[PDB]
Each structure stands twice: as structure tokens, then as C-alpha cells.
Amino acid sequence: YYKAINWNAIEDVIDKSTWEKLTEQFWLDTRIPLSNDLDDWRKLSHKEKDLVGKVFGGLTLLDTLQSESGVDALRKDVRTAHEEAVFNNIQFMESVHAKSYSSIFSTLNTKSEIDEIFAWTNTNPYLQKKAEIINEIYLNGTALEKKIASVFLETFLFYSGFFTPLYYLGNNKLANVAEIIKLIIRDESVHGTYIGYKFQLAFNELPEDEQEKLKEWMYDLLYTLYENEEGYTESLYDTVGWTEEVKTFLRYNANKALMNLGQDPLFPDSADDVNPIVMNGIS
């Protein structure tokens, strides 16, 4: 009726290495001392403090989705018994990500200031409609179509927000707050590659006919999400004046979202076009 999981009889060699990489990257928000960033924080403007809350607020919401219904839908299309175990680690760390944003708020912000942020996220047109498209794919979509959405979310669209803490890290501002985002990106870079790898296995098993049919919907989704994100980026970054530098940051990460799935790069935006202080933050 049921079969036991065996880590001596490996079916896919990547399942072992990814578990050994994701578990050994385990981290908690309670360890990192956020109180050391308050000296830098209080020397920011209202414009900058407002931006930061809306950024981390947006990421909180998108990491909530992945922990609740994202990886829960992804586990249904699992090949090996080990892969379901690796998705269990992944799903836990998504809850860690979601929580870590609230821990960052508990240092920097007050009671009312937090209620403001969550009131904004729960009512935001861009975010609520973005989760509406992504969660439709998790409930209704196929095995290959869901794996495409998760990679497009966390390896591409999530970098709309990540831009800001990385920018501060380059200038040596808010070193500990960015340290949380650092560890999220350390996890999320492996989240994309593993899904992209498994996507690649089932994609090759699909016949020539149905591959191009999926690629058609792949790029349709990619364009509609970038369409929606451009308006969201303008809302955040206009008054500070980075609107165009975040756009050349999104297209750079779209290329990686393609590359993990096993595709040719669509945009010509290189790593040099990206802000060098942000790119120094990455390094």
C-alpha cells in the first residue's frame, strides 16, 4: 500500500546534492542582530523609509503564497520520493522568508507603522492581481506550467524588491537587514535551479509538438507579468528616482529565470547595465 523512502537507493543524484545544499543553508531571523542597523535607518528620509516598508511588505505577501499553496501544488507533480522531501525543506524555508520580513519590521517600525504596511499590501492592486494570476496556475495549471510560474516569481519578479536592500548593502547601509535578504537569495537561487532542472526533465519527455505549445504560453506569461511589474515599479521608485535602473535589473533576472528552465536569453541587458553598487551588493 505504501513504500518507505530510501536514501541509499538514489533515483536522481541531484535530489541528494540539493537536500545537502538547502538543509546546510538553514538559517533563522532570530540569530541576526537587526538592532545594529537602527543608526543607519534613522538617517533615512520619509521617502526612503516609505519605500522600504512597501518593498518588504510586497515580498512578505509573495513569500506567503509559496509557503501555503505554492510548493503544496508543486509537490503533486513529483518524480522521486526524495524530491518530495526536498520540497518539504523548501516549503519550510518559504515560511522562514515570510516571517523574516515581520522580524525586520519589529526592529525598525512601530505598531501603527506595521499595520499601515500590511493594510497597503492586502489592498494593493498590483500585488493582489499578481498573486491572482500565479495562484490560478497552482490550482488549475499542469505539471510543467506550475514549475514555470514558481521560477518566474522568485528568480525574476522578486528582484523588483531585492534591488533596494542590495543597493543599501553596496553603500554599506543596513548591513543586517540586507543580510536576511542575502540568505533568502542564497536559498531562492537554488529554488529556481532545482525546479528548472526538474522542469527540464519532463519538458524533454514531452513531444516536439507540445514543447512549442508550452513555450508559447511561457513567453505570454513572461510578457504579462513584466507588463504588470512595470506599473508597480513606477509606483515605488518614481519619487526617489530609480524607476529605470530597476527595469534594467528586472530584465537581467528574467534572463536567469529563462536560463534555469533551459532556454535562450530573451533580453540583451547585461550585468554591466545593472547598477554597479547593487551589483557590488550581489558580490
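Residue numbers run from 1 along the displayed sequence.
Here the stretch with the larger average CA B-factor, out of 162-170 and 95-103, is 162-170. Averaged over Cα atoms, the B-factor as recorded in the entry is higher for 126-134 than for the other of 184-192 and 126-134. As recorded in the entry, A202 carries the highest CA temperature factor of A202, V86, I114, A175. In the PDB entry, a CA B factor belonging to the highest third of its chain's modelled residues is recorded for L206. When all modelled residues of the chain are sorted by CA temperature factor, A254 is found within the middle third. For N260, the recorded CA temperature factor ranks within the middle third of the chain's modelled residues. For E179, the recorded CA temperature factor ranks within the lowest third of the chain's modelled residues. When all modelled residues of the chain are sorted by CA temperature factor, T155 is found within the middle third.
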